[PDB]
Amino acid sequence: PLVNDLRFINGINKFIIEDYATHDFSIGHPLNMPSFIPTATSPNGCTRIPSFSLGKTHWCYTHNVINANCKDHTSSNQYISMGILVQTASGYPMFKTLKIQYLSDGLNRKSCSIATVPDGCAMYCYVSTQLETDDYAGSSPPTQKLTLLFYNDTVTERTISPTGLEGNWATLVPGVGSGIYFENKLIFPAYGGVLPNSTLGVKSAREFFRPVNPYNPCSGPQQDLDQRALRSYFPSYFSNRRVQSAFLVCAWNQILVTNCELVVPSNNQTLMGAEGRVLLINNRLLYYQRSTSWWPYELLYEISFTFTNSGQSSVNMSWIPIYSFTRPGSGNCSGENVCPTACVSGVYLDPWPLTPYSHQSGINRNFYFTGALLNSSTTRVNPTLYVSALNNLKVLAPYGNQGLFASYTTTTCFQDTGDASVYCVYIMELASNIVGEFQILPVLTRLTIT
């Protein structure tokens, strides 16, 4: 059966710490198992852009493979797998692959998000025919693809044109981080360029968000800072489109015929559009947003939807006030810049929240989250396992030596309800001496909480 070992099924997508109390952390050493993530078979072949979802009954995984240089494009292929958590005699679980699908048909599917769905996986891709910058310069979004891969080896792929895309967008691509399936809804992260003179572009022209770190403020008048923040949404790198995060939401019930819906947040509540991830913990939804724009700290929002009688839906989001570690960036968008600027920079590094933030009783200031960061303010280098509070890092554990190059990281934690062990898997693009750019490594760790 396509189902996790029973000691994990009730420890998945849970808040591990409902204490609201203060805690100290220790991140254990990497636990050895056969990697479920395949490496390149050539020194110069490219494997990048991981997407991982651990669902209650199984997990889904995907990444992009190129038989050429990473910089080189042309077409690429997409490795997709699904499997379960299985306990080993070693004392810890292992990710056991049950199904593999290697999409190699010459269609250049990229920026793909995967989601765990009943009896399988759903992947959202766009078909790339040109440079990303050309994509934003143009007036027409690329082809949007939704593919369904089931345990019974059935694979179905559809082109979709979600409600709200045509006429409003220069491009749209998936947000690379995993999406979720909840309550007959399939929801993916997405982002792209909004045509500033379109209906949507005109309705959202005024909107902007300016997060402030009280412990490291940006000097200037509020109105100047505000207008700079508003203008950061229109980078010239992307042809001054309004770069916008959006949510692809699909009725699972009608997933074979539905064109889906594009639900767009208010930019009063969110930063410039970027890669992201949708999480469902307990039944509260969250959104990770990559810091591509000027704000260097970790972006995590509590979100909620209103699906209006199956009309045009809305989403409300609320920023969790996090400013602890900083992501690397280039130029005036580096990890040291805290001030409003037009930026296309940063790197994908998502958090796994160990605690609720807002709950029924109140707000938890003792919020904790874990992940892998890159210890540098400029360079993608020095991958470091971490646990972080809102204002400060609770614990740090470097992977590898100083000078080890690493890029994207995605983290998922789950609990063994049999022995109460808390496991975190840090999936990170790491530079390998022998295989193509970035062996994507799932390192599994036991997390000790006091």
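One-based numbering along the sequence shown.
Undergrad: Comparing average C-alpha B factors as deposited, tell me which of 51-59 and 64-72 sits higher.
TA: Mean CA B-factor is higher for 64-72.
Undergrad: Which wins on mean Cα temperature factor, 170-178 or 338-346?
TA: Taking the mean B-factor of the alpha carbons in each, 338-346 is higher.
Undergrad: Checking the entry, which one of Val127, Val212, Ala372, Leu248 has the top C-alpha B factor?
TA: Spelled out: the listed residue with the top C-alpha B-factor is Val212.
Undergrad: Whose CA atom has the top B-factor in the entry, of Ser376, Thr292, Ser139, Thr116?
TA: So the option with the highest C-alpha B-factor is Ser139.
Undergrad: Thinking about Cα B factors across the chain, which third does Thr97 belong to?
TA: Lowest third - that is where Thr97 ends up once the chain's C-alpha B-factors are sorted.
Undergrad: Classify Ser310 as lowest, middle or highest third according to the C-alpha B-factor given in the PDB entry, relative to its own chain.
TA: Highest third - that is where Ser310 ends up once the chain's C-alpha B-factors are sorted.
Undergrad: Give the position of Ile434 by CA B-factor within its chain, expressed as the lowest, middle or highest third.
TA: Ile434: CA B-factor falls in the middle third of its chain.
Undergrad: Where does the C-alpha B-factor of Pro353 rank in its chain, lowest, middle or highest third?
TA: Lowest third, going by the recorded CA B-factors of the chain.
Undergrad: Thinking about Cα B factors across the chain, which third does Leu103 belong to?
TA: Tercile = middle for this residue's CA B-factor.
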